[PDB]
Amino acid sequence: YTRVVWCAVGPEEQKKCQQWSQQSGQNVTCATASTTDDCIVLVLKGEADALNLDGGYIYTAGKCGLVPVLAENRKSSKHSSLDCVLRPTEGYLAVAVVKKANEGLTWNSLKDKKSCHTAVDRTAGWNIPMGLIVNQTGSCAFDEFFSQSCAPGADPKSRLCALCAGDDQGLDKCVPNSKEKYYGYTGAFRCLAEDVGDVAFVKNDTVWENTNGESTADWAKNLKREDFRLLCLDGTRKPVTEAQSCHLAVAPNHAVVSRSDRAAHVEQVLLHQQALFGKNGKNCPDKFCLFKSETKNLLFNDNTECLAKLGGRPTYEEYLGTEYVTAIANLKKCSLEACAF
Ligand SMILES: *[C@@H]1O[C@H](CO)[C@@H](O[C@@H]2O[C@H](CO)[C@@H](O[C@@H]3O[C@H](CO)[C@@H](O[C@H]4O[C@H](CO)[C@@H](O[C@H]5O[C@H](CO)[C@@H](O[C@@H]6O[C@H](CO)[C@@H](O)[C@H](O)[C@@H]6O)[C@H](O)[C@@H]5O)[C@H](O)[C@@H]4O)[C@H](O)[C@@H]3O)[C@H](O)[C@H]2NC(C)=O)[C@H](O)[C@H]1NC(C)=O
Ligand SMILES: *[C@@H]1O[C@H](CO)[C@@H](O[C@@H]2O[C@H](CO)[C@@H](O[C@@H]3O[C@H](CO)[C@@H](O)[C@H](O)[C@@H]3O)[C@H](O)[C@H]2NC(C)=O)[C@H](O)[C@H]1NC(C)=O
Ligand SMILES: COc1ccc2c(c1)c(CC(=O)O)c(C)n2C(=O)c1ccc(Cl)cc1
Ligand SMILES: *[C@@H]1O[C@H](CO)[C@@H](O)[C@H](O)[C@H]1NC(C)=O
Ligand SMILES: [Fe+3]
Ligand SMILES: [Zn+2]
Ligand SMILES: [Zn+2]
């Protein structure tokens, strides 16, 4: 009676779900879809129960009447008086990153350059950057601003995927799941790292997690923090040590959403699943760890300490915040009252 069905996006998140499933006593089983939007639809239909989402998609899902249930929490200095689950989230910092070697590249000369985005409609990788740029340009022509990009989820032979690489066998070019090589936080940063783009729109954490031997991967093991700069909105450039005074915005933590008729039931099971497989669980890191996959962020971000209860029972609008939700509306009028599905 108590069983939850997770929705996995793409073949890699599937395999990871399958393990979680088997290690759970079929307390959690799996559904798989090729895109986040398709997983949202599975959940509305009632064939899946839940998944973890970037704030940009929480805005989609919430118009269709889905609700935040538990949020991700990463390591925190302040607020250490308290327990992670009852501990307040903070929100990550969205940044624009460049090679140090590229002098002359400022927030003011981004026109006609090459760009690396997490995916279309995501907070740090899309809504923040393109919102600012529509504003400063007064045009909805965000498809003509950069010469070429990789923006997973756009038309495959527009210039917005022009830089995307697809899977081993060259298939799936710019699909929005991890088969695409430059998908998500890690892929967008790899995109700038390998000098395919001139800038990448990721979050502060991503730079740290993938420089200075912090990530054991082939493309990144020789990357070094001092080789990068952040672009600030006042036209200057700073070390990645200054993210606190040189970001584009702060962003709501990714959160697990479900259909509201299912929210209590999902919350109940997951809090128990993190007790077995979480950051200090009975069975992690012995048998299985929910918050770990090789710097991939599969199902969850790897820097997740825990899933946190929500303060005060949010609506998705309260959780996303008033500031970020007007940002999104203003952008969507470019490309008020109806589900996308
Ligand atoms: C932008 O994002 C970054 C990435 O998250 C973030 O920095 C983190 O800051 C948090 C809290 O402010 C900090 O918290 C700690 O938890 C750590 C676990 O993550 C504990 O540290 C130990 O474990 C980690 C992981 O294995 C080791 O990580 C390394 O990275 C750095 C540099 O590569 C080095 O660590 C340090 O060495 C200095 C020496 O002076 C020392 O002062 C520090 O305390 C630390 O030890 C190290 O070379 C490693 O390669 C590390 O070795 C430790 O053994 C720790 O107990 C503490 O509670 C977290 O570590 C930071 N993340 C990382 C990976 O650097 C920024 O805060 C974000 N900035 C903004 C503005 O939001
Ligand atoms: C790009 O520009 C648009 C258009 O201005 C930005 O939206 C505007 O920004 C501010 C900040 O949220 C909004 O004003 C605020 O509204 C509430 C009540 O209206 C008020 O109490 C707040 O203190 C604040 O004044 C304003 O409503 C909004 N304007 C419109 C027409 O919606 C948008 O945020 C920008 N996009 C990005 C990513 O910056
Ligand atoms: C009405 O009470 C709150 C409480 C928290 C808030 C906001 C409003 C708004 C803004 C708004 O929508 O106007 C934001 C952005 N909040 C946060 O980001 C935040 C982050 C971490 C924690 Cl632990 C708590 C809150
Ligand atoms: C599965 O769920 C049942 C109900 O709580 C519980 O008895 C059991 O401990 C759970 N097993 C695991 C491994 O989650
Ligand atoms: Fe995000
Ligand atoms: Zn700020
Ligand atoms: Zn409320």
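Chain A is numbered as in Swiss-Prot, which gives 361-695, 700-705 for the residues shown.
Heads up, the Cβ atoms here are built off N, Cα and C, so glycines get one too.
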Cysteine of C666, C694 paired with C500 via disulfide, per Swiss-Prot:
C694
Please identify which of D414, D503, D578 is recorded by Swiss-Prot as part of the Fe(3+) 2 site containing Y452, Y545, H614.
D414
Name the residue from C524, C534 that Swiss-Prot records as disulfide-bonded to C510.
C524
According to the record in Swiss-Prot, which candidate from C551, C606 pairs with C592 in a disulphide?
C606
End-to-end CA distance across 4 missing residues (from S695 to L700, Å)
12
Quick one, of the disulfide-bonded residues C510, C551, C703, which Cβ has the fewest other Cβ within 10 Å?
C703
Within 10 angstroms of the C-beta of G485 (hydrogencarbonate 2 binding site), the count of other C-beta atoms across all shown chains comes to 30
Using DSSP, would you call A484 (hydrogencarbonate 2 binding site) helix, strand or coil?
helix
Measure from the Cβ of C694 (disulfide bond) and count the other Cβ atoms within 10 Å, all protein chains considered.
12
